[PDB]
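Every residue, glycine among them, receives a Cβ derived from its backbone with ideal geometry; neighbour counts consider all protein chains shown. The values are calculated or read from the model by the stated rules, or taken from the named source; none is laboratory data.
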Amino acid sequence: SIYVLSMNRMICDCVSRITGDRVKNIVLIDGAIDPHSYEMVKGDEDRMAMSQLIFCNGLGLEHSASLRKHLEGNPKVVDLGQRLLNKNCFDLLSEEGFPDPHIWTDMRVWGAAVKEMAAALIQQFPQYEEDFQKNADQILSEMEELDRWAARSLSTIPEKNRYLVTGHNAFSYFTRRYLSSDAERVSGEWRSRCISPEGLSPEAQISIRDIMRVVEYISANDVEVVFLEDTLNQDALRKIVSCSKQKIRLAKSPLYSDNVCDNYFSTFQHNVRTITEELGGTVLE
Ligand SMILES: [Ca+2]
Ligand SMILES: [Fe+3]
Ligand code: NA
Ligand code: NA
């Protein structure tokens, strides 16, 4: 009876695919809770204690004082974002001097993350190196196909509509990869393609200036739809919408920014379908 701990479901659902039945995977954070400000609850310390490996996002996602006590200096911790940064697997995004942790919306980056999960798991359990690797090979090639599917579907969004207004800044990596051109990527003008009244963390206070910023962006770019997120307070986007002159609506289905609906993979699919359809594209089969 062996236990491996993942901080959240975006990590846990990939770890569980590599290991299958040969281990018990537990997840610390799930459901409608903000991972950014998660504080450990009773029993969480014991979940870490009984586990063989603790898989973290890094990049400041586990930044609460509770988690920092238990994770900083812990030899069980696999810091997926730091390991990916250790190889320039991706270019870190930031906002006003804090790192952007939301790399799991970019399926190429999260594939690299899963590569580190598999390696880390295999390094801890050489006796499972072979089943682990087989399953890793499978999920990794499924994620590459998922990534191609997303890029192709999101490419059908008319360029005049490639402007993503969300609750907080959880889709910067998504936007840079899937909504922006090579020229916008190299220049950095890809950043014109997404905005949100809240920053990287839902915990920050949203001001009338943030409302106004997003309202002017909506009117400058003729954005017709904005996207609510599951578990994020909806007051700010609802105010932004009401403060229009000028057609503007809420997207039909919510996006999943910091959490998972059924599983991480179906959630990515749902997000891509939702964004593609509402911004005027056509989802590939
Ligand atoms: Ca421990
Ligand atoms: Fe977030
Ligand atoms: Na402000
Ligand atoms: Na306008």
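Could you count how many residues in the stretch 211-229 are farther than 16 Å from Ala170 by Cα and either buried (at least 19 other Cβ atoms within 10 Å of the Cβ) or within 16 Å of ligand 4 (Cβ to nearest atom) (or both)? Break it down into steps so the answer makes sense when it comes.
Narrowing the stretch 211-229 to residues farther than 16 Å from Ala170 by Cα: 211-213, 215-225.
Restricting the remaining residues to those that are either buried (at least 19 other Cβ atoms within 10 Å of the Cβ) or within 16 Å of ligand 4 (Cβ to nearest atom) (or both) gives 212-213, 215-225.
Going through the stretch 211-229 one residue at a time, the tally reaches 13.
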Give me the residue from the stretch 206-231 that is among the charged types (D, E, K, R) and within 25 Å of the chain's Cα centre (by Cα) and, out of that set, nearest to ligand 3 (Cβ to nearest atom). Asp210
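Quick one: is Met10 in contact with a helix residue (DSSP H, G or I) (Cβ under 7 Å, 6 or more places away or on another chain), of a type outside the set (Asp, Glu) and more than 30 Å from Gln269 (Cβ to Cβ)?
On the way: in contact with a helix residue (DSSP H, G or I) (Cβ under 7 Å, 6 or more places away or on another chain): yes; of a type outside the set (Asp, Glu): yes; more than 30 Å from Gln269 (Cβ to Cβ): no.
Criteria not met by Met10.
Rundown of residues vs (1) in the same structural domain as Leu85 (by CATH); (2) in contact with a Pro (Cβ under 9 Å, 6 or more places away or on another chain); (3) buried (at least 20 other Cβ atoms within 10 Å of the Cβ); (4) not hydroxyl-bearing (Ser, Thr, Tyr), yes/no style:
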residue: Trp104; (1), (2), (3), (4): yes, no, yes, yes
residue: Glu116; (1), (2), (3), (4): yes, no, yes, yes
residue: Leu121; (1), (2), (3), (4): yes, no, yes, yes
residue: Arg148; (1), (2), (3), (4): no, no, no, yes
residue: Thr156; (1), (2), (3), (4): no, no, no, no
residue: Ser181; (1), (2), (3), (4): no, no, no, no
residue: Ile195; (1), (2), (3), (4): no, no, yes, yes
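Take the residues of the stretch 230-285 that are part of a helix (DSSP H, G or I) and aromatic (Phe, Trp, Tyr): which is surrounded by the fewest Cβ atoms within 10 Å (Cβ to Cβ)?
My answer is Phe265.
Test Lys239 against the criterion of being among the basic types (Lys, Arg) and within 16 Å of ligand 3 (Cβ to nearest atom), and give yes or no. Quick ask: steps written out before the conclusion?
On the way: among the basic types (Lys, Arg): yes; within 16 Å of ligand 3 (Cβ to nearest atom): yes.
Spelling it out, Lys239 is indeed among the basic types (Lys, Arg) and within 16 Å of ligand 3 (Cβ to nearest atom).
Where residues in the stretch 77-115 are of a type in the set (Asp, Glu) and assigned to a strand (DSSP E or B), which of them is farthest from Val27 (Cα to Cα)? Spell out how you get there, then give the answer.
Step one: filter the stretch 77-115 for residues of a type in the set (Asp, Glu), giving 79, 91, 95-96, 100, 106.
After this cut, where a residue has to be assigned to a strand (DSSP E or B) as well, the list is 79, 95.
Details: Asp79: 15, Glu95: 28 Å.
Out of the qualifying residues, it is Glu95.
Let's see how each residue does on (1) in a helix (DSSP H, G or I); (2) within 16 Å of ligand 2 (Cβ to nearest atom); (3) under 29 Å from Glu62 (Cα atoms):
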| site | (1), (2), (3) |
| --- | --- |
| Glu129 | yes, no, yes |
| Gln133 | yes, no, yes |
| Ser141 | yes, no, yes |
| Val186 | yes, no, no |
| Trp190 | yes, no, yes |
| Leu200 | no, yes, yes |
| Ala204 | no, yes, yes |
| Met212 | yes, no, no |
Could you tell me which numbered condition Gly31 fails, if it satisfies all but one of (1) surrounded by fewer than 18 Cβ atoms within 10 Å (Cβ to Cβ); (2) more than 15 Å from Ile11 (Cα to Cα)? (2)
Residue count, the stretch 161-184, condition within 21 Å of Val260 (Cβ to Cβ) and either in a helix (DSSP H, G or I) or over 16 Å from the mean Cα position of the chain (by Cα) (or both), comes to 6
